[PDB]
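Coming up is one lone chain in structure tokens, specifically the form deposited in one PDB entry.
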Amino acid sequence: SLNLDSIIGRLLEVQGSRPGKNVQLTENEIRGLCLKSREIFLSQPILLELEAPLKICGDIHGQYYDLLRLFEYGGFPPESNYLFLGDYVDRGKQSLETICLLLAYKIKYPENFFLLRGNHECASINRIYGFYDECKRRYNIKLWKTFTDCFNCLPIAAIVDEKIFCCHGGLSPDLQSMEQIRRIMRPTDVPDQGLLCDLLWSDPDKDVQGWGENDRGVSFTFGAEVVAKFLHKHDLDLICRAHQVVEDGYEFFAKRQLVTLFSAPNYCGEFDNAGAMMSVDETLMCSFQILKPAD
């Protein structure tokens, strides 16, 4: 029923084309991507347990041609395995192409391609920051609501080979056991406080001791000793998260116990940051591939 290869081919054929060229799928094609990916999200666990090797990517925010560059340099599925950490939509000009390609690859390679929820995969955020406006302009309001029902089923965290804990935002003062994540039921909205909110919204901070108020007005900051205690208690080596723009595309925290990944270079056309993805090989050797406009 879903002409999945046709969709992917049309999404990929604009690579190198006229700058900023749209790919306009049909609304039935997009509804099909949402419906079939939603089934797959709900059939897989909300806390993904993954094996290496894979490549991990941070925020994209609708920068569709940067997403295509990520695949060009990292390897198009299924040449490489992927975990994305969220924030696919808003701010950029091509949220629709971005999310449609990610959902298509999720359907095409369901056990080798993974998408986590970011704080922008939430209707009360992406109504404001661009995605709803893009849906209304290029399709209609009903399609935006279809996306929301799909996003409400995204998984929330991943653990790679029992050593790398991955989520969009960060730690939570309410996260004592991984079972608390596994117990979250879907579909769900993102609440204004609590575990699920923190996993999508919190940030590390070099200046806080323990837990502090987050400048965003949502959730918390956490310091380097919170990170160390969490890793020791759960026998983990690394937290891998996204959510903050960082100048070099990746940024270490607390003596390599945490890394922030951000995959949208020159974010909003306002910053002069690189994008990065992290390659994790079969032995959990971790390295960075850095994408930057030439200067």
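The term rigid core refers to the most C-alpha atoms you can superpose between the two forms while keeping them within 1.5 Å. One rule holds for the numbers: they count along the sequence shown, beginning at 1.
Of the two segments 280-288 and 18-26, the one whose CA positions lie farther from the displayed form in 6 other deposited structures of this protein, once all are superposed on the rigid core, is 18-26.
Where the structures in 6 other deposited structures of this protein are fitted on the rigid core, 265-273 is the one of 30-38 and 265-273 whose C-alphas sit farther from the shown form on average. Higher mean CA temperature factor, per the PDB entry, when comparing 263-271 with 231-239: 263-271. Stretches compared: 71-79, 118-126. Higher mean C-alpha B-factor in the entry: 71-79. The residue among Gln209, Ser95, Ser202, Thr188 whose C-alpha carries the highest B-factor in the deposited model is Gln209.
Of the candidates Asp198, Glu162, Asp87, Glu134, the one whose C-alpha carries the top B factor in the deposited record is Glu162.
Looking at the C-alpha B-factors along this chain, the one for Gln244 belongs to the lowest third.
Per-chain ranking of the deposited C-alpha B factor places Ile46 in the middle third. For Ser172, the recorded CA temperature factor ranks within the lowest third of the chain's modelled residues. Annotation for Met277: CA B-factor lies in the middle third of the chain's modelled residues. Annotation for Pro53: C-alpha temperature factor in the highest third relative to the rest of the modelled chain, per the entry.
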